[PDB]
Protein chains: 2
Amino acid sequence: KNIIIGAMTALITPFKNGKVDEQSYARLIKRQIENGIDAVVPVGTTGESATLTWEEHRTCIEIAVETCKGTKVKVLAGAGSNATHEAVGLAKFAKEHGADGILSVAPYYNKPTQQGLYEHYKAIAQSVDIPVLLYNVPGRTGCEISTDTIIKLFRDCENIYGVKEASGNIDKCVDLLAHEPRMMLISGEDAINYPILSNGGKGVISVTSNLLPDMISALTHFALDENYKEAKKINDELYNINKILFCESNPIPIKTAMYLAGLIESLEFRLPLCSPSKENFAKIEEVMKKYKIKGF
Amino acid sequence: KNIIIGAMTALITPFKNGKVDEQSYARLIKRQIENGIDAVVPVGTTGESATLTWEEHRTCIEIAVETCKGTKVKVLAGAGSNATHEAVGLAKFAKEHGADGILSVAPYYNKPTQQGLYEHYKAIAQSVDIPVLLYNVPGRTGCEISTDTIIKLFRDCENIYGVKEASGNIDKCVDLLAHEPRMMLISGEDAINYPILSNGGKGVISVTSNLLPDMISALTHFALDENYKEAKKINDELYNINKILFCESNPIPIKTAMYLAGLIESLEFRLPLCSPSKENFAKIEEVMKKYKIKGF
Ligand SMILES: NCCCC[C@@](N)(CC[C@](N)(CCCCN)C(=O)O)C(=O)O
Ligand SMILES: [Mg+2]
Ligand SMILES: [Mg+2]
Ligand SMILES: [Mg+2]
Ligand SMILES: [Mg+2]
Ligand SMILES: [Mg+2]
Ligand SMILES: [Mg+2]
Ligand SMILES: [Mg+2]
Ligand SMILES: [Mg+2]
């Protein structure tokens with residue numbers, strides 16, 4: 001299988017005066033490239049996929065592809081939807097506009113059955129010839145892609161190559177790689193990046209790496225190189241910021257931190273997201289001061 | 001406050017050859033009207049809102065409005081979204097095309113904070129002059145509108161008049177009506193329709209009423225008259241069908257039941273929804289044989 005692995009960043013989407021700040025978006029991606037990241041994920045949850053227009057969603061994928069051209073950093077485009085026809089449309093757009101692969105979240109809100117998830121992802125995978133990474137995040141979607149469904153999809157669909165797990169369930173991570181060791185398990189939960197990698201996971205799709213790309217990429221590369229002592233050391237050092245970045249729903253804390261570090265111009269969200277409480281604003285700033293934050 | 005209460009139905013959306021079967025939709029609404037239902041909810045979760053196009057979503061609202069003219073029956077249009085700008089657009093469409101009010105589900109997938117939920121619903125409520133019913137269903141959305149947030153919205157926004165609860169939490173139902181007894185608490189969970197009404201809830205938005213509208217209407221109206229013995233008896237009789245209609249994710253069982261009773265022509269869903277397992281198909285039919293199902 002063709003794969004996209006390693007240290008990857010779920011890119012925030014900066015807004016300025018209610019619009020995507022496209023120059024800032026490109027500048028943030030260049031900063032990721034300069035700090036050892038292996039791939040970027042435009043317009044995931046962290047990128048406020050729910051509130052972008054179709055035009056903005058397309059535009060962010062295009063900026064990621066164009067900014068990474070000639071750098072060997074890959075683009076794993078956010079392409080999921082809770083409507084299969086929408087997810088297929090996004091997959092085809094990503095393929096036709098030069099993405100290296102797609103990330104495709106389990107359908108949210110309408111709670112498909114395992115049979116429905118299988119048919120959903122089969123339709124998506126049959127619509128493109130680029131790698132497809134499943135994405136399980138039951139706390140946000142209301143459904144779980146079971147281990148059996150993930151493994152069947154990996155075995156039945158040639159371009160489905162693994163899953164990004166954001167489920168707080170290291171037992172399931174063992175289950176997955178004990179029964180199907182050929183798949184690429186990707187951490188979608190920063191606090192437990194190292195335990196997932198040490199069990200044979202092959203990368204991360206990170207929130208924290210927006211702010212600390214050098215640290216997350218180093219953690220991942222230490223682990224893939226089997227230097228588990230140094231990967232664990234970074235995972236331990238990052239625990240405090242990894243947790244504070246979820247004191248309110250992602251990406252409210254990470255965008256706040258990026259604004260506090262001077263990396264984006266305006267602390268703007270699209271409703272229903274909004275700025276954090278004054279108390280959490282202060283907690284985020286306090287935890288950030290313990291870390292060296294790379295500039296541009 | 002202007003209110004929409006009583007026995008209400010979350011309408012299924014029938015498809016035939018991949019398109020909304022508009023004549024069937026109108027016929028199903030007339031069947032609800034003739035069996036004592038007080039309001040219909042086009043294009044909620046049960047109506048597969050996630051997978052309808054915008055044009056189909058608009059069309060279903062219009063068919064409901066047109067079909068209810070000249071009757072007591074109100075149209076509480078499904079108008080929620082996880083993007084505030086989409087929810088405002090739907091609210092304004094429903095208002096301008098003659099809906100009596102709107103149902104507005106809490107944003108799914110992006111997990112807004114309570115502050116964000118307040119700002120979301122404030123924007124929706126300020127955009128129209130028709131009643132707005134909140135809708136809390138954390139198992140599908142990944143977030144909870146807290147009692148405090150619901151109560152603030154009811155007190156601060158003229159048109160927000162209550163909430164449809166689908167949370168399996170009678171303690172919260174007590175909390176709501178003990179601290180704000182003027183709100184309209186609406187059951188969004190058929191199995192516990194009677195306990196919610198007997199605590200002072202004033203209606204239901206029902207899945208089961210698609211199949212058994214006369215029974216749900218009788219239950220509700222007995223309860224509203226404090227004829228609790230009769231209301232409880234119907235609630236108890238309905239428990240088995242109320243549970244089997246969730247043996248797979250709603251609306252897979254209810255659409256299957258409507259097909260099994262000859263009330264729709266084709267058992268078609270939009271992916272990622274799909275037909276139930278053959279075993280659940282048989283279980284649904286067996287439970288259906290225990291109930292008296294009105295025709296057209
Ligand atoms: N990334 C750009 C598009 C975002 C669209 C949407 N807000 C809503 C998606 C939708 N399937 C639209 C249904 C429209 C008709 N009811 C949903 O709300 O479920 C989402 O997927 O989060
Ligand atoms: Mg590299
Ligand atoms: Mg097993
Ligand atoms: Mg979060
Ligand atoms: Mg401080
Ligand atoms: Mg038409
Ligand atoms: Mg009328
Ligand atoms: Mg309280
Ligand atoms: Mg009476």
Side-chain angles (χ1 to χ4, degrees), chain A residues 83 109-110, chain B residues 3-16 19-81 86-105 108 124 128 130-135 137 140 164 166 186 188 190 203-211 213 216-217 250-251 254-255 258 263-264 268-270 273 296:
Chain A
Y109 184 52
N110 52 0
Chain B
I3 66 181
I4 298 159
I5 60 168
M8 318 183 236
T9 295
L11 299 169
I12 60 152
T13 304
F15 301 115
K16 184 176 167 161
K19 307 294 192 160
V20 172
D21 185 342
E22 299 180 18
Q23 291 45 249
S24 173
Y25 199 65
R27 193 183 187 186
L28 290 166
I29 294 169
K30 296 186 189 173
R31 175 173 173 276
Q32 295 292 312
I33 293 170
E34 296 181 356
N35 278 284
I37 291 289
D38 299 303
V40 297
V41 179
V43 196
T45 325
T46 309
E48 288 170 83
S49 61
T51 58
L52 298 191
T53 67
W54 289 113
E55 192 53 39
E56 290 169 331
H57 194 146
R58 297 179 194 117
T59 293
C60 287
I61 290 173
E62 300 184 338
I63 294 170
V65 170
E66 187 63 29
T67 305
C68 291
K69 283 180 175 182
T71 76
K72 198 96 158 49
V73 182
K74 293 180 184 173
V75 175
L76 183 73
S81 180
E86 293 181 53
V88 168
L90 275 170
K92 295 201 306 204
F93 175 86
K95 180 271 184 313
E96 288 176 13
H97 292 257
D100 297 285
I102 58 172
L103 182 71
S104 194
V105 67
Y108 33 95
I124 292 160
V128 297
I130 55 172
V132 177
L133 192 77
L134 311 179
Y135 171 20
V137 54
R140 295 302 195 85
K164 175 184 170 188
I186 303 297
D190 275 300
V204 309
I205 288 164
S206 177
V207 172
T208 300
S209 63
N210 282 278
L211 187 73
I216 291 288
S217 165
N250 178 59
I254 183 58
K255 272 182 87 162
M258 299 292 280
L263 299 172
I264 61 178
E268 284 178 47
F269 302 86
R270 288 249 169 104
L273 298 189
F296 289 111

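Sequence lines set the chain letters: A, B, ... in the order given, protein chains first and strands last, and positions in each chain run from 1. Any value given below was found using the heavy atoms of this structure, including those in side chains, with hydrogens, waters and symmetry copies removed.
Scanning for side-chain hydrogen bond (donor to acceptor under 3.5 Å, both in side chains) contacts around B:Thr46 gives B:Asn250, with sequence neighbours left out. Judged as a ring-ring contact (aromatic ring centres under 6.0 Å, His included), and not counting sequence neighbours, the contacts of B:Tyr108 are A:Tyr109. Contacts of B:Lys74 classified as salt bridge (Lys or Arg N to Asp or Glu O under 4.0 Å), with partners at least two apart in sequence or in another chain: none. Taking B:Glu86 as the reference, B:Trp54, B:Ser81, B:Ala83 meet the side-chain contact (heavy atoms from CB on, under 4.5 Å) condition, with sequence neighbours excluded. Take B:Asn35 and apply the side-chain hydrogen bond (donor to acceptor under 3.5 Å, both in side chains) test, not counting sequence neighbours, and it matches B:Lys294. A search for side-chain hydrogen bond (donor to acceptor under 3.5 Å, both in side chains) contacts involving B:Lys92 returns nothing, not counting sequence neighbours. Under the rule for a side-chain contact (heavy atoms from CB on, under 4.5 Å), the partners of B:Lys16 that lie at least two apart in sequence or sit in another chain are B:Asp21, B:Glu265. Take A:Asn110 and apply the side-chain contact (heavy atoms from CB on, under 4.5 Å) test, not counting sequence neighbours, and it matches A:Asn82, A:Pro107, A:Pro112, B:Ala50, B:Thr51, B:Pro272. Under the side-chain hydrogen bond (donor to acceptor under 3.5 Å, both in side chains) criterion, B:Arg31 pairs with no residue, sequence neighbours left out.
Rounded to the nearest 0.5 angstrom, B:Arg27 CZ and B:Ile264 CD1 are separated by 12.5 Å. In this structure, CD1 on B:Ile186 lies 11.5 Å from CG on B:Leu134, to the nearest 0.5 angstrom. To the nearest 0.5 Å, the span separating CE on B:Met258 from CG on B:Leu28 amounts to 5.0 Å.
Across B:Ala99 and B:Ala77, no two heavy atoms sit closer than the pair CB-CB, 3.9 Å. Contact between B:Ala79 and B:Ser104 at its shortest, heavy atoms only, is O-OG, 4.3 Å. Considering every non-hydrogen atom in both B:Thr71 and B:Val73, the closest pair reads OG1-N, 3.0 Å. In this structure, B:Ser24 and B:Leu263 approach most closely via the heavy-atom pair OG-O, 4.3 Å.
Under the salt bridge (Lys or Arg N to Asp or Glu O under 4.0 Å) criterion, no residue pair touches residues 3-12 of chain B, with sequence neighbours excluded.
Although no hydrogens or angles enter the test, the distance criterion places a donor-acceptor pair under 3.5 Å between the side chain of B:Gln32 and the main chain of B:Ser209. In this structure a side-chain-to-backbone donor-acceptor pair under 3.5 Å is missing from B:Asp38 to B:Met8. A distance-only check finds a donor-acceptor pair linking the side chain of B:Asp100 to the backbone of B:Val75 [under 3.5 Å].
The only member of B:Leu211, B:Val204, B:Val207 that meets side chain to side chain contact (heavy atoms under 4.5 Å, CB included) when paired with B:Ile216 is B:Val204. When B:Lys255, B:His57, B:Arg270 are each tested for a side-chain hydrogen bond (donor to acceptor under 3.5 Å, both in side chains) with B:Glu48, only one passes: B:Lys255.
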Check your understanding: Would B:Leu90 and B:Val43 satisfy side chain to side chain contact (heavy atoms under 4.5 Å, CB included), going step by step from the backbone distance to the final call?
Key -> CA-CA 11 Å; B:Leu90 275 170; B:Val43 196; over 6 Å; no
Check your understanding: Passes side-chain hydrogen bond (donor to acceptor under 3.5 Å, both in side chains), B:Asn210 versus B:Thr9? Steps please.
Key -> CA-CA 6 Å; B:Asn210 282 278; B:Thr9 295; 5.8 Å; no
Practice item. Before giving the answer on side chain to side chain contact (heavy atoms under 4.5 Å, CB included), spell out for B:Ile205 and B:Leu76 the whole-Å C-alpha distance, their side-chain angles and the decisive distance to 0.1 Å. Key: CA-CA 10 Å; B:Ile205 288 164; B:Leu76 183 73; 3.7 Å; yes
Exercise for review: For the pair B:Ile102 and B:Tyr135, evaluate side chain to side chain contact (heavy atoms under 4.5 Å, CB included) and give the outcome as yes or no after the intermediate values.
Suggested key: CA-CA 10 Å; B:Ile102 58 172; B:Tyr135 171 20; over 6 Å; no
Only distances under 3.5 Å count here; give the side-chain donor-acceptor pairs of residues 58-70 of chain B to other protein atoms, sequence neighbours excluded, each with its distance to 0.1 Å.
unit_1, atom_1, unit_2, atom_2, d
B:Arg58, NH1, B:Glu55, OE1, 3.1
B:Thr59, OG1, B:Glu55, O, 2.9
B:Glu62, OE2, B:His97, ND1, 3.1
B:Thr67, OG1, B:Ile63, O, 2.6

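You'll find the side chain of B:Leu133 stays beyond 4.5 Å of the side chain of B:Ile4, heavy atoms only.
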